[PDB]
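In structure tokens, one chain follows: the form deposited in one PDB entry.
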């Protein structure tokens, strides 16, 4: 069991709110992160969210997935993970001075492909893959999570934006989102940055008129990565590849 008794965890600095609950830095046999429902009387929806989140985190033991360590129910609903030193891939690419060699951009893509390949193998659909949810622990190891701290529409597949079918999230919607991460790495830019109304992107991507401008990839982006990227961004859901095939293509091409 992964339930942590009461009176063991210390809660330190409040980092931010996210998904459901607030994240804190904390102390429990070393540094930890603590996501805590800051509500006196939880609703059933809140309780169920917490159980669903623990339910999935429990199933993960992989170096590229944020390390779940346990949970607590009293005094508040709380999920405990490893603390990560550094900042998100989003921060490095679009909020900072930082410079990546093409070797490291390929490696980030590969570590991300491993973690996503692992999740999909255990029937877990992320639903919100994006560079802000890819953490660079010690600026060296990718850690996938849902860190919380609008936003997500750039990584939304057409079918997801449209919302035609009850809950449109699929392995392939995750694949599309990974495609958009590859765009970020190989261009250094968020897609649709030439278009200035958020409402148009939503209409045009869902309509199928707008997709990322693949001309803006770098001169030294390998040609196979470019082809892959475009295989992931296919507008029809079922033309997209699977992560075993994606992982194999990025590990083949990174050998060279």
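Residue numbers count along the first chain shown, from 1. Heads up, when I say rigid core I mean the largest set of C-alphas that superpose within 1.5 Å between the two forms.
Looking at the other compared entries that model both neighbours, is residue 149 missing coordinates in at least a third of them?
Residue 149: unmodelled in at least a third of the other compared entries.
Coordinates absent for residue 166 in a third or more of other entries:
Across the other compared entries, residue 166 is absent from at least a third.
With respect to the deposited sequence, how many residues separating residue 149 from residue 150 are not represented by coordinates: none, 1 to 3, 4 to 9, or 10 or more?
The entry has a long gap there, with 10 or more residues left out between residue 149 and residue 150.
40 to 48 versus 203 to 211 - greater average Cα B-factor per the deposited record:
The entry gives the higher C-alpha B-factor average to 203 to 211.
Which of the two stretches, 98 to 106 or 84 to 92, shows the higher mean Cα temperature factor in the record?
Comparing 98 to 106 with 84 to 92, the higher average CA B-factor belongs to 98 to 106.
Using the temperature factors in the entry, find which of 168, 115, 179, 145 has the highest value at its Cα atom.
Result of the comparison over 168, 115, 179, 145: 168.
Would you mind finding, among 33, 66, 54, 228, the residue with the largest C-alpha temperature factor in the entry?
So the option with the highest C-alpha B-factor is 228.
B-factor third for the C-alpha atom of residue 185 within its chain:
Middle third by C-alpha B-factor.
Give the position of residue 243 by CA B-factor within its chain, expressed as the lowest, middle or highest third.
Middle third by C-alpha B-factor.
CA B-factor ranking of residue 139, expressed as a third of its chain:
Residue 139: CA B-factor falls in the highest third of its chain.
So where's residue 15 on the chain's Cα temperature factor ranking, which third?
Middle third by C-alpha B-factor.
Among the modelled residues of this chain, does the Cα B factor of residue 156 put it in the lowest, middle or highest third?
Within its chain, residue 156 is a middle-third residue by C-alpha B-factor, going by the deposited values.
Below, we turn to the form deposited in another entry, even though it does not appear here.
Which of 63, 204, 230, 47 has its C-alpha displaced by 2 Å or more between this form and the one not shown after core superposition?
Comparing the C-alpha positions, the one residue that moves 2 Å or more is 47.
Cα-Cα trend for residue 48 and residue 173, given that in the other entry the distance shifts by 3 Å or more:
The answer is farther, because the C-alphas of residue 48 and residue 173 separate from each other in the other entry by 3 Å or more.
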